Structure formats: structure tokens, C-alpha cells
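The data block below is protein.cif; it holds mmCIF, N, CA and C atoms.
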```cif
data_model
#
loop_
_atom_site.label_atom_id
_atom_site.label_comp_id
_atom_site.auth_asym_id
_atom_site.auth_seq_id
_atom_site.Cartn_x
_atom_site.Cartn_y
_atom_site.Cartn_z
N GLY A 1 7.78 -15.63 25.21
CA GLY A 1 7.11 -16.65 24.35
C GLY A 1 6.40 -15.93 23.23
N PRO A 2 5.56 -16.61 22.51
CA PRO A 2 4.83 -15.98 21.37
C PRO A 2 3.70 -15.08 21.86
N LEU A 3 3.76 -14.64 23.11
CA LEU A 3 2.68 -13.81 23.60
C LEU A 3 1.47 -14.07 22.71
N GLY A 4 1.52 -15.21 22.02
CA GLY A 4 0.45 -15.59 21.10
C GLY A 4 0.42 -14.60 19.94
N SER A 5 1.53 -13.89 19.79
CA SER A 5 1.69 -12.87 18.76
C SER A 5 1.87 -11.50 19.41
N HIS A 6 1.15 -11.30 20.51
CA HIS A 6 1.19 -10.03 21.21
C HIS A 6 0.81 -8.93 20.25
N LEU A 7 0.21 -9.29 19.11
CA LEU A 7 -0.08 -8.24 18.17
C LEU A 7 1.02 -7.24 18.44
N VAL A 8 1.80 -7.61 19.46
CA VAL A 8 2.93 -6.82 19.90
C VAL A 8 2.85 -5.45 19.26
N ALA A 9 2.66 -5.44 17.95
CA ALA A 9 2.52 -4.18 17.26
C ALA A 9 2.00 -3.14 18.24
N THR A 10 0.69 -3.15 18.46
CA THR A 10 0.07 -2.21 19.39
C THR A 10 -0.62 -1.08 18.66
N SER A 11 0.00 0.08 18.75
CA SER A 11 -0.51 1.29 18.13
C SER A 11 -1.14 1.00 16.77
N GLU A 12 -2.45 1.20 16.69
CA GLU A 12 -3.17 0.99 15.44
C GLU A 12 -2.20 0.76 14.28
N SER A 13 -1.56 -0.41 14.23
CA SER A 13 -0.65 -0.65 13.13
C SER A 13 -0.99 0.34 12.02
N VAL A 14 -2.09 1.04 12.25
CA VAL A 14 -2.59 2.04 11.32
C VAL A 14 -2.59 3.41 12.00
N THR A 15 -1.55 4.19 11.77
CA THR A 15 -1.45 5.51 12.38
C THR A 15 -2.02 6.58 11.45
N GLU A 16 -1.24 6.94 10.44
CA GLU A 16 -1.67 7.95 9.48
C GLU A 16 -3.17 7.85 9.23
N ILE A 17 -3.96 8.20 10.24
CA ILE A 17 -5.41 8.14 10.10
C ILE A 17 -5.92 9.44 9.48
N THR A 18 -5.14 10.50 9.63
CA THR A 18 -5.52 11.79 9.08
C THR A 18 -6.01 11.61 7.65
N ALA A 19 -7.09 12.30 7.30
CA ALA A 19 -7.64 12.18 5.96
C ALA A 19 -7.91 10.71 5.66
N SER A 20 -7.94 9.89 6.71
CA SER A 20 -8.17 8.46 6.55
C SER A 20 -6.99 7.82 5.84
N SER A 21 -5.81 8.41 6.01
CA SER A 21 -4.60 7.91 5.38
C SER A 21 -4.39 6.43 5.71
N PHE A 22 -3.47 5.81 4.99
CA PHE A 22 -3.16 4.40 5.19
C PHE A 22 -1.66 4.19 5.25
N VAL A 23 -1.22 3.25 6.07
CA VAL A 23 0.20 2.95 6.15
C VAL A 23 0.41 1.47 5.87
N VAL A 24 0.85 1.17 4.65
CA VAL A 24 1.06 -0.22 4.25
C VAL A 24 2.54 -0.50 4.02
N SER A 25 2.98 -1.67 4.47
CA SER A 25 4.37 -2.07 4.31
C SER A 25 4.44 -3.46 3.68
N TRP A 26 5.52 -3.74 2.98
CA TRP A 26 5.68 -5.03 2.33
C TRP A 26 7.14 -5.47 2.35
N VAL A 27 7.47 -6.47 1.54
CA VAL A 27 8.83 -6.98 1.47
C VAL A 27 9.36 -6.92 0.04
N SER A 28 10.53 -6.30 -0.13
CA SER A 28 11.13 -6.19 -1.45
C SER A 28 11.35 -7.58 -2.05
N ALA A 29 10.27 -8.33 -2.18
CA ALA A 29 10.33 -9.67 -2.74
C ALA A 29 11.34 -9.76 -3.88
N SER A 30 12.31 -8.86 -3.89
CA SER A 30 13.32 -8.86 -4.95
C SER A 30 14.32 -7.73 -4.75
N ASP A 31 15.61 -8.07 -4.78
CA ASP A 31 16.66 -7.08 -4.61
C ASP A 31 17.01 -6.44 -5.95
N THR A 32 16.47 -7.01 -7.02
CA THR A 32 16.73 -6.50 -8.36
C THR A 32 15.73 -5.41 -8.71
N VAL A 33 14.83 -5.12 -7.77
CA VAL A 33 13.83 -4.09 -7.98
C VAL A 33 14.49 -2.72 -8.10
N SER A 34 14.03 -1.92 -9.05
CA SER A 34 14.60 -0.60 -9.27
C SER A 34 13.77 0.45 -8.54
N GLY A 35 12.57 0.05 -8.16
CA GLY A 35 11.66 0.93 -7.45
C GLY A 35 10.35 0.21 -7.17
N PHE A 36 9.46 0.87 -6.44
CA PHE A 36 8.17 0.27 -6.12
C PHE A 36 7.03 1.15 -6.60
N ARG A 37 5.91 0.54 -6.92
CA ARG A 37 4.75 1.29 -7.38
C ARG A 37 3.51 0.84 -6.63
N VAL A 38 2.87 1.78 -5.96
CA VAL A 38 1.67 1.48 -5.20
C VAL A 38 0.43 1.99 -5.92
N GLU A 39 -0.61 1.17 -5.95
CA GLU A 39 -1.85 1.55 -6.61
C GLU A 39 -3.03 1.32 -5.68
N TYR A 40 -3.86 2.34 -5.54
CA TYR A 40 -5.03 2.25 -4.67
C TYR A 40 -6.24 2.89 -5.32
N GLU A 41 -7.37 2.20 -5.24
CA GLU A 41 -8.61 2.70 -5.82
C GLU A 41 -9.79 2.29 -4.95
N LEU A 42 -10.92 2.97 -5.12
CA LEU A 42 -12.10 2.66 -4.33
C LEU A 42 -12.70 1.32 -4.76
N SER A 43 -12.85 0.42 -3.80
CA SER A 43 -13.41 -0.90 -4.07
C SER A 43 -14.90 -0.81 -4.36
N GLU A 44 -15.47 0.38 -4.17
CA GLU A 44 -16.90 0.57 -4.40
C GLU A 44 -17.15 1.44 -5.63
N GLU A 45 -16.82 2.72 -5.52
CA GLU A 45 -17.02 3.66 -6.62
C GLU A 45 -16.24 3.25 -7.86
N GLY A 46 -15.05 2.69 -7.65
CA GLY A 46 -14.22 2.26 -8.76
C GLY A 46 -13.49 3.45 -9.38
N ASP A 47 -13.61 4.61 -8.74
CA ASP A 47 -12.96 5.81 -9.24
C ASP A 47 -11.71 5.45 -10.03
N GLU A 48 -10.93 6.47 -10.39
CA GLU A 48 -9.70 6.23 -11.14
C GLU A 48 -8.58 5.84 -10.20
N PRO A 49 -7.78 4.88 -10.60
CA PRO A 49 -6.64 4.39 -9.78
C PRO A 49 -5.51 5.40 -9.69
N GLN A 50 -4.84 5.42 -8.54
CA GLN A 50 -3.72 6.33 -8.34
C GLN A 50 -2.45 5.53 -8.14
N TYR A 51 -1.33 6.05 -8.62
CA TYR A 51 -0.07 5.34 -8.50
C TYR A 51 0.97 6.17 -7.77
N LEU A 52 1.76 5.51 -6.94
CA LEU A 52 2.82 6.16 -6.19
C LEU A 52 4.12 5.40 -6.41
N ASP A 53 5.16 6.12 -6.81
CA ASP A 53 6.44 5.48 -7.06
C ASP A 53 7.41 5.69 -5.92
N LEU A 54 8.03 4.59 -5.48
CA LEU A 54 9.00 4.63 -4.40
C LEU A 54 10.29 3.94 -4.84
N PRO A 55 11.38 4.25 -4.20
CA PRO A 55 12.70 3.65 -4.54
C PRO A 55 12.77 2.17 -4.15
N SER A 56 13.68 1.45 -4.80
CA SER A 56 13.86 0.03 -4.52
C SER A 56 14.21 -0.20 -3.05
N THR A 57 14.55 0.89 -2.36
CA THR A 57 14.91 0.79 -0.95
C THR A 57 13.69 1.02 -0.06
N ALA A 58 12.59 1.43 -0.68
CA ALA A 58 11.36 1.67 0.07
C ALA A 58 10.60 0.37 0.28
N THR A 59 10.11 0.16 1.50
CA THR A 59 9.36 -1.06 1.81
C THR A 59 8.09 -0.72 2.57
N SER A 60 7.69 0.55 2.52
CA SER A 60 6.48 0.99 3.20
C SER A 60 6.11 2.39 2.72
N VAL A 61 4.82 2.68 2.67
CA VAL A 61 4.37 3.99 2.21
C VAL A 61 3.03 4.38 2.84
N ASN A 62 2.83 5.68 3.00
CA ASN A 62 1.59 6.19 3.58
C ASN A 62 0.74 6.82 2.48
N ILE A 63 -0.50 6.36 2.35
CA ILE A 63 -1.41 6.89 1.34
C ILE A 63 -2.37 7.90 1.94
N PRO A 64 -2.14 9.16 1.69
CA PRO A 64 -2.99 10.26 2.20
C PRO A 64 -4.12 10.62 1.23
N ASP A 65 -4.91 11.60 1.63
CA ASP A 65 -6.02 12.07 0.81
C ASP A 65 -7.05 10.96 0.58
N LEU A 66 -7.21 10.08 1.56
CA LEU A 66 -8.17 8.99 1.45
C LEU A 66 -9.55 9.45 1.90
N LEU A 67 -10.59 8.88 1.30
CA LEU A 67 -11.96 9.23 1.64
C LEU A 67 -12.47 8.37 2.79
N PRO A 68 -12.73 8.99 3.91
CA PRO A 68 -13.24 8.28 5.12
C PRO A 68 -14.56 7.55 4.85
N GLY A 69 -14.70 6.36 5.41
CA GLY A 69 -15.92 5.58 5.23
C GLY A 69 -15.95 4.92 3.85
N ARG A 70 -14.77 4.78 3.25
CA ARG A 70 -14.67 4.16 1.93
C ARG A 70 -13.67 3.02 1.94
N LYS A 71 -13.90 2.03 1.09
CA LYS A 71 -13.00 0.89 1.00
C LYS A 71 -12.08 1.06 -0.19
N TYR A 72 -10.79 0.86 0.04
CA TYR A 72 -9.81 0.99 -1.02
C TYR A 72 -9.05 -0.31 -1.23
N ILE A 73 -8.65 -0.56 -2.47
CA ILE A 73 -7.87 -1.74 -2.80
C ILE A 73 -6.43 -1.32 -3.03
N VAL A 74 -5.51 -1.93 -2.30
CA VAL A 74 -4.11 -1.58 -2.43
C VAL A 74 -3.30 -2.73 -3.00
N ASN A 75 -2.47 -2.42 -3.99
CA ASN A 75 -1.62 -3.42 -4.63
C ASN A 75 -0.22 -2.85 -4.82
N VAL A 76 0.77 -3.53 -4.26
CA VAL A 76 2.15 -3.07 -4.38
C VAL A 76 2.89 -3.87 -5.44
N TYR A 77 3.47 -3.15 -6.40
CA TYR A 77 4.22 -3.79 -7.47
C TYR A 77 5.68 -3.37 -7.41
N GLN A 78 6.58 -4.31 -7.61
CA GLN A 78 8.00 -3.98 -7.59
C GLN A 78 8.50 -3.87 -9.03
N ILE A 79 9.27 -2.84 -9.31
CA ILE A 79 9.77 -2.62 -10.65
C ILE A 79 11.20 -3.12 -10.78
N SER A 80 11.41 -4.03 -11.72
CA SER A 80 12.73 -4.59 -11.95
C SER A 80 13.55 -3.68 -12.85
N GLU A 81 14.84 -3.98 -12.96
CA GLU A 81 15.73 -3.18 -13.79
C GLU A 81 15.26 -3.17 -15.24
N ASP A 82 14.36 -4.08 -15.58
CA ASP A 82 13.86 -4.17 -16.95
C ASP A 82 12.54 -3.41 -17.09
N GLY A 83 12.03 -2.89 -15.97
CA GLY A 83 10.78 -2.15 -15.98
C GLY A 83 9.58 -3.07 -15.81
N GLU A 84 9.84 -4.31 -15.40
CA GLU A 84 8.77 -5.28 -15.20
C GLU A 84 8.17 -5.12 -13.81
N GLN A 85 6.84 -5.22 -13.72
CA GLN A 85 6.16 -5.08 -12.44
C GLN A 85 5.67 -6.44 -11.96
N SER A 86 5.78 -6.67 -10.65
CA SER A 86 5.33 -7.93 -10.07
C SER A 86 4.57 -7.68 -8.78
N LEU A 87 3.37 -8.23 -8.69
CA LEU A 87 2.56 -8.05 -7.49
C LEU A 87 3.18 -8.78 -6.31
N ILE A 88 3.56 -8.01 -5.29
CA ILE A 88 4.17 -8.60 -4.10
C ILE A 88 3.22 -8.53 -2.91
N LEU A 89 2.26 -7.62 -2.97
CA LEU A 89 1.30 -7.48 -1.88
C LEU A 89 0.01 -6.83 -2.35
N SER A 90 -1.11 -7.50 -2.08
CA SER A 90 -2.42 -6.99 -2.46
C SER A 90 -3.38 -7.12 -1.28
N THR A 91 -3.92 -5.99 -0.82
CA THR A 91 -4.83 -6.01 0.32
C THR A 91 -5.77 -4.81 0.28
N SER A 92 -6.96 -4.99 0.85
CA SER A 92 -7.95 -3.91 0.88
C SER A 92 -8.12 -3.40 2.31
N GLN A 93 -8.63 -2.18 2.43
CA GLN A 93 -8.84 -1.58 3.74
C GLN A 93 -10.08 -0.69 3.73
N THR A 94 -10.63 -0.46 4.91
CA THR A 94 -11.81 0.38 5.04
C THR A 94 -11.53 1.54 5.99
N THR A 95 -11.33 2.72 5.42
CA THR A 95 -11.04 3.90 6.23
C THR A 95 -12.02 4.01 7.39
#
```
Here is the file; what I need is its structure written in the form of C-alpha cells.
Amino acid sequence: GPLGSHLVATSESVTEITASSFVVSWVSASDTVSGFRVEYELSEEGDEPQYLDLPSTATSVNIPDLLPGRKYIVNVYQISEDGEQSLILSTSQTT
């Protein structure tokens, strides 16, 4: 049954804890995507934003070098064959 969800997941859907890393996954809300671009910045300090580029076949990425005890804002954008970016997933986390 729906084990009520069973969070089934289990293992800290968040593994890459090292350096307070993050493991976020999304859906290629588009097959015309030529690649993906992930952006994460401190929701507090507002430091400078960082970008990570992944292939159109990528649907998940691990963000390392994160500052423990800090909140980061993550936004995944898919790049179309025209170079257009579209927000497919936006979420924040607290190392």
C-alpha cells in the first residue's frame, strides 16, 4: 500500500553530507533541454552565487564545498537548444 509514503526513501535522502554537501534531483521538465544549470547561494550572507552546468541527461547533482550551519537557496534551470533557461525546481536547505 502507500506505506503512507514510507518516506520509503530512507537514507537521509541527503547523503553527501561531507562539507555539508547537498544532493538535489529534479525532472528534465523538457526533452529539448541542451543542459542544466544549478545555482546556489547563501540565503543569509547573500554571498556570490555559484553555477554548475550539467548535460541535458543529468537530473541530479551534488553541491560540495557547502558551509555547515548555513542556509542555501537552490534553483535548477534547464537550458534549451536556444540557450533559454527555465526554472524547473527551486528549494532551500539548511546544512
Which residues are close to residue 17 of chain A, i.e. within 12 Å by only C-alpha atoms, leaving aside same-chain residues fewer than 2 positions away? Reply as a PyMOL selection string. chain A and resi 11-15+19-23+62-69+94-95
Find the residues around segment 33-38 of chain A up to 7 Å (all atoms listed in the file counted), leave out those fewer than 5 positions away in its own chain, and share them as a PDB file with N, CA and C atoms, in the frame of the given file.
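To be explicit, this is the file written out as result30.pdb:
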```
ATOM      1  N   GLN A  50      -4.840   5.420  -8.540  1.00  0.00           N
ATOM      2  CA  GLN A  50      -3.720   6.330  -8.340  1.00  0.00           C
ATOM      3  C   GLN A  50      -2.450   5.530  -8.140  1.00  0.00           C
ATOM      4  N   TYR A  51      -1.330   6.050  -8.620  1.00  0.00           N
ATOM      5  CA  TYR A  51      -0.070   5.340  -8.500  1.00  0.00           C
ATOM      6  C   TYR A  51       0.970   6.170  -7.770  1.00  0.00           C
ATOM      7  N   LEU A  52       1.760   5.510  -6.940  1.00  0.00           N
ATOM      8  CA  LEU A  52       2.820   6.160  -6.190  1.00  0.00           C
ATOM      9  C   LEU A  52       4.120   5.400  -6.410  1.00  0.00           C
ATOM     10  N   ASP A  53       5.160   6.120  -6.810  1.00  0.00           N
ATOM     11  CA  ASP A  53       6.440   5.480  -7.060  1.00  0.00           C
ATOM     12  C   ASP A  53       7.410   5.690  -5.920  1.00  0.00           C
ATOM     13  N   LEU A  54       8.030   4.590  -5.480  1.00  0.00           N
ATOM     14  CA  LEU A  54       9.000   4.630  -4.400  1.00  0.00           C
ATOM     15  C   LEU A  54      10.290   3.940  -4.840  1.00  0.00           C
ATOM     16  N   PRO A  55      11.380   4.250  -4.200  1.00  0.00           N
ATOM     17  CA  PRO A  55      12.700   3.650  -4.540  1.00  0.00           C
ATOM     18  C   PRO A  55      12.770   2.170  -4.150  1.00  0.00           C
ATOM     19  N   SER A  56      13.680   1.450  -4.800  1.00  0.00           N
ATOM     20  CA  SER A  56      13.860   0.030  -4.520  1.00  0.00           C
ATOM     21  C   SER A  56      14.210  -0.200  -3.050  1.00  0.00           C
ATOM     22  N   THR A  57      14.550   0.890  -2.360  1.00  0.00           N
ATOM     23  CA  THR A  57      14.910   0.790  -0.950  1.00  0.00           C
ATOM     24  C   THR A  57      13.690   1.020  -0.060  1.00  0.00           C
ATOM     25  N   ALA A  58      12.590   1.430  -0.680  1.00  0.00           N
ATOM     26  CA  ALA A  58      11.360   1.670   0.070  1.00  0.00           C
ATOM     27  C   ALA A  58      10.600   0.370   0.280  1.00  0.00           C
ATOM     28  N   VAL A  74      -5.510  -1.930  -2.300  1.00  0.00           N
ATOM     29  CA  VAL A  74      -4.110  -1.580  -2.430  1.00  0.00           C
ATOM     30  C   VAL A  74      -3.300  -2.730  -3.000  1.00  0.00           C
ATOM     31  N   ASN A  75      -2.470  -2.420  -3.990  1.00  0.00           N
ATOM     32  CA  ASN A  75      -1.620  -3.420  -4.630  1.00  0.00           C
ATOM     33  C   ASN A  75      -0.220  -2.850  -4.820  1.00  0.00           C
ATOM     34  N   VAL A  76       0.770  -3.530  -4.260  1.00  0.00           N
ATOM     35  CA  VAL A  76       2.150  -3.070  -4.380  1.00  0.00           C
ATOM     36  C   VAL A  76       2.890  -3.870  -5.440  1.00  0.00           C
ATOM     37  N   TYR A  77       3.470  -3.150  -6.400  1.00  0.00           N
ATOM     38  CA  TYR A  77       4.220  -3.790  -7.470  1.00  0.00           C
ATOM     39  C   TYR A  77       5.680  -3.370  -7.410  1.00  0.00           C
ATOM     40  N   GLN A  78       6.580  -4.310  -7.610  1.00  0.00           N
ATOM     41  CA  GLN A  78       8.000  -3.980  -7.590  1.00  0.00           C
ATOM     42  C   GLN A  78       8.500  -3.870  -9.030  1.00  0.00           C
ATOM     43  N   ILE A  79       9.270  -2.840  -9.310  1.00  0.00           N
ATOM     44  CA  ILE A  79       9.770  -2.620 -10.650  1.00  0.00           C
ATOM     45  C   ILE A  79      11.200  -3.120 -10.780  1.00  0.00           C
ATOM     46  N   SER A  80      11.410  -4.030 -11.720  1.00  0.00           N
ATOM     47  CA  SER A  80      12.730  -4.590 -11.950  1.00  0.00           C
ATOM     48  C   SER A  80      13.550  -3.680 -12.850  1.00  0.00           C
ATOM     49  N   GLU A  81      14.840  -3.980 -12.960  1.00  0.00           N
ATOM     50  CA  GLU A  81      15.730  -3.180 -13.790  1.00  0.00           C
ATOM     51  C   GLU A  81      15.260  -3.170 -15.240  1.00  0.00           C
ATOM     52  N   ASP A  82      14.360  -4.080 -15.580  1.00  0.00           N
ATOM     53  CA  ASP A  82      13.860  -4.170 -16.950  1.00  0.00           C
ATOM     54  C   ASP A  82      12.540  -3.410 -17.090  1.00  0.00           C
TER      55      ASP A  82
END
```
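Going from atom N of residue 70 of chain A over to atom N of residue 29 of chain A, you cover 28.8 Å.
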For this file, the PyMOL selection byres (((chain A and resi 47 and name CA) around 12) and name CA) selects which residues, as a ChimeraX atom specification? /A:40-46,48-50,67,70-73
- Item | DSSP strand (DSSP E) residues within segment 5-38 of chain A, listed as a VMD selection string | chain A and resid 22 to 25 33 to 38
Expressed in Å, the length from atom CA of residue 25 of chain A to atom CA of residue 85 of chain A is 17.1 Å
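Between atom C of residue 90 of chain A and atom CA of residue 30 of chain A there is a distance of 17.2 Å.
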*asked:* Just list as number ranges by chain whatever in chain A DSSP marks as helix (DSSP H, G or I).
replied: A: 3-5, 18-20
Expected axis-aligned box over every listed atom of segment 60-73 of chain A, 6 Å added per side, centre plus edges in Å to one decimal, as AutoDock Vina command-line options:
```
--center_x -4.1 --center_y 5.2 --center_z 1.2 --size_x 35.6 --size_y 25.8 --size_z 20.4
```
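The residue that comes closest to residue 59 of chain A, out of A:2, A:32, A:83, A:27 and on the basis of only C-alpha atoms, is A:27.
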